[PDB]
Amino acid sequence: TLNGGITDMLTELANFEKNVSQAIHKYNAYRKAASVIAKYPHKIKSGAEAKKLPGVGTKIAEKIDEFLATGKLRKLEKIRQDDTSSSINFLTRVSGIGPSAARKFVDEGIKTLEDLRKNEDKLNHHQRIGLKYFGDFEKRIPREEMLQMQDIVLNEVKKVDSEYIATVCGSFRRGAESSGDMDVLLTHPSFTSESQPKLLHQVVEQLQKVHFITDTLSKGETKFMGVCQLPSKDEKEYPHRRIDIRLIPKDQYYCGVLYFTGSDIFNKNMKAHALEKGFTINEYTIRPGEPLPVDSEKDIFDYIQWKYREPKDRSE
DNA sequence: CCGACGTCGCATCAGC
DNA sequence: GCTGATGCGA
DNA sequence: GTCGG
Ligand SMILES: Nc1ncnc2c1ncn2[C@H]1C[C@H](O)[C@@H](COP(=O)(O)CP(=O)(O)OP(=O)(O)O)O1
Ligand SMILES: [Mn+2]
Ligand SMILES: [Mn+2]
Ligand SMILES: [Mn+2]
Ligand SMILES: [Mn+2]
Ligand code: NA
Ligand code: NA
Ligand code: NA
Ligand code: NA
Ligand code: NA
């Protein structure tokens with residue numbers, strides 16, 4: 001809420017560059033600046049103040065000035081009035097419509113949720129589902145419901161095989177009070193770097209059978225993306241939620257939990273002060289080189305001579 | 001001045 | 001019918 | 001768009 005006006009402005013610019021301009025490096029530039037400003041412990045009084053911060057340069061400092069003086073950005077006003085820009089931006093809010101599909105839809109006069117309904121025939125399976133749950137997928141998930149969902153996931157996974165280990169990561173694991181979705185990391189001792197054909201399928205199938213998973217967006221041997229829903233009390237239906245399950249080699253569990261706990265910006269940063277310290281971290285391993293042994297998230301921190309950050313202190 | 005700035009599993013579908 | 005090219009969410 | 005070459 002502190003430099004919230006500015007970070008909102010920047011995120012909106014980011015989204016425009018990604019969805020309309022298809023300029024992914026400006027999108028990332030804008031998010032990097034929003035992130036460095038969100039972490040700043042002072043109320044920014046000028047663009048020059050922001051300019052001191054890494055990731056904030058000449059053009060963003062100048063936009064910060066306009067915003068502080070005026071309480072708006074003209075270019076964002078100009079964007080939001082443009083019919084093509086605003087329509088493409090809107091449509092990308094549907095899961096399964098990205099910058100390319102949105103643009104093609106808008107080009108052929110399909111620019112609203114009603115137009116999408118009227119044109120279901122031109123939608124693929126993922127986009128029809130994105131449209132069906134358009135509102136639901138934009139609602140956040142209260143931590144209380146994340147706990148209910150957690151217990152159901154871990155429980156049903158155990159019912160398939162007691163040796164599976166399921167871990168809810170993402171914002172949930174960072175201790176957020178609401179989450180955009182549920183991300184589940186799965187492991188099983190039968191699956192490691194060296195050694196599975198139905199390991200994930202068995203878990204998805206069980207979750208469908210107890211009617212927790214309601215839809216499938218994509219599913220392979222290591223990655224499920226779908227829809228789920230907590231069961232209802234006469235009382236009101238819960239909204240449908242996005243759920244991601246990843247099946248990961250047991251011996252890369254800690255690098256995976258680290259990565260899939262995030263945040264995305266944090267992961268970018270840690271990777272930075274690992275490269276600076278003689279290391280390469282990816283979702284699977286830390287290497288100097290062959291993969292160094294790891295027995296905790298802490299270890300990866302130690303390696304790169306960072307003090308351990310709790311999941312909570314990672315939402316950056 | 002200017003090149004770097006994430007890579008990937010999974011789904012669809014022109015163009016043969 | 002097939003698959004290399006492309007798009008999606010991440 | 002930004003920053004280090
Ligand atoms: N661009 C990126 N770079 C590095 N890591 C990335 C990443 N995008 C996602 N991740 C990783 C970390 C997320 O916490 C984790 C989940 O990705 P997610 O897309 O479900 C976003 P999350 O952090 O869970 O918050 P929320 O909005 O869902 O409540 O996957
Ligand atoms: Mn219409
Ligand atoms: Mn998430
Ligand atoms: Mn997710
Ligand atoms: Mn292929
Ligand atoms: Na200070
Ligand atoms: Na700067
Ligand atoms: Na989308
Ligand atoms: Na999301
Ligand atoms: Na420079």
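What you see below is based on every heavy atom in this structure, not just the backbone, and it leaves out hydrogens, waters and symmetry mates. Labels below follow one simple rule: chain letters A, B, ... track the order of the sequence lines, proteins then strands, and each chain is numbered from 1.
- For A/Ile60, the listed nucleotide lying nearest its side chain is D/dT2; candidates were D/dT2, C/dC8, C/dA10.
- No salt bridge links A/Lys75 with A/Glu66; every basic N to acidic carboxylate O contact stays at or beyond 4.0 Å.
- Heavy atoms of A/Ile24 sit nowhere under 4.0 angstrom from any nucleic acid atom.
- Residues A/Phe224 and A/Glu283 both approach DNA chain B. Their nearest nucleotides, taken by heavy-atom distance, put A/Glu283 toward the 5′ side.
- Looking at which nucleotide of DNA chain B each of A/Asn124 and A/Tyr284 is closest to, the 5′-most match is held by A/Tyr284.
- Taking the charged nitrogens against the carboxylate oxygens, A/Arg241 and A/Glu145 do have a contact shorter than 4.0 Å, which makes a salt bridge.
- Rounding to the nearest 0.5 Å places CG of A/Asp181 at 9.0 Å from CZ of A/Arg140.
- Side chain of A/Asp181, nearest nucleotide from D/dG1, C/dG7, C/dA10: C/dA10.
- We find that A/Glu310 and A/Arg314 are not joined by a salt bridge, their nearest charged nitrogen and carboxylate oxygen being 4.0 Å or further apart.
- Atom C1' of nucleotide C/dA10 and atom CD1 of A/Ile248 are separated by 17 Å, given to the nearest angstrom.
- Side-chain N or O atoms of A/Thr1 include none that pairs as donor or acceptor with a backbone N or O of A/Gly4 at under 3.5 Å.
- A/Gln127 has its CD atom 9 Å from the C1' atom of C/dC8, to the nearest Å.
- Taking every side-chain heavy atom of A/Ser218 into account, B/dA11 is the closest of B/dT12, D/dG1, B/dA11.
- An OP1 or OP2 oxygen of B/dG9 is reached within less than 4.0 angstrom by no side-chain nitrogen or oxygen of A/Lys223.
- Here B/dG6 presents its P atom at 8 Å from CG of A/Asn28, a figure rounded to the nearest Å.
- Atom NE2 in A/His25 sits roughly 10 Å away from atom P in B/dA4 (whole-Å rounding).
- Distance, A/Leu10 CG to D/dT2 P: 10 Å, rounded to whole Å.
- OP1 or OP2 of B/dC10 sits under 4.0 Å from a side-chain N or O of A/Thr222.
- Among the nucleotides D/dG1, C/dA10, B/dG6, the one closest to any side-chain atom of A/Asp244 is C/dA10.
- Among the atoms of the strands shown, none is found under 4.0 Å from any heavy atom of A/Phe260.
- In this entry the distance linking CD of A/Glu276 with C1' of D/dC3 reads 13 Å, nearest Å.
- Across all strands shown, A/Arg242 has heavy atoms under 4.0 Å from sugar-phosphate atoms exclusively, and none from any base.
- Spacing of P atoms, D/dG5 relative to B/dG6, comes out at 15 Å, to the nearest Å.
- Under 3.5 Å, the side chains of A/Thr192 and A/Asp251 contain no donor-acceptor pair of N or O atoms.
- Within the 4.0 angstrom heavy-atom criterion, no nucleotide atom of any strand lies near A/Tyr27.
- Backbone-only engagement by A/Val94 is indicated by non-hydrogen atom pairs under 4.0 Å involving sugar-phosphate atoms exclusively.
- Consecutive pairing runs in DNA chain C reach the stem threshold at B:7-16 with C:1-10, where a stem means at least three Watson-Crick or G-U wobble pairs with distances under 3.5 Å.
- Using a cut-off of 4.0 Å between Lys/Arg side-chain N and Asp/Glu carboxylate O, A/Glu290 and A/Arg287 are scored as salt-bridged.
- The separation between A/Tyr30 atom OH and D/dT2 atom P is 7 Å, rounded to whole Å.
- If you check every strand for non-hydrogen atoms under 4.0 Å, A/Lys32 touches nothing.
- None of A/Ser315, A/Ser263, A/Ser179 except one satisfies the side chain to side chain donor-acceptor pair (under 3.5 Å) rule with A/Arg174; the exception is A/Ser315.
- With A/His240 as reference, A/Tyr133 is the one residue of A/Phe134, A/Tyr133, A/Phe212 to meet the ring-ring contact (aromatic ring centres under 6.0 Å, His included) rule.
- Whole-Å rounding puts the A/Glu138 CD to C/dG9 P distance at 13 Å.
- Nucleic acid contact class of A/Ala101 (heavy atoms, under 4.0 Å, all strands): sugar-phosphate only.
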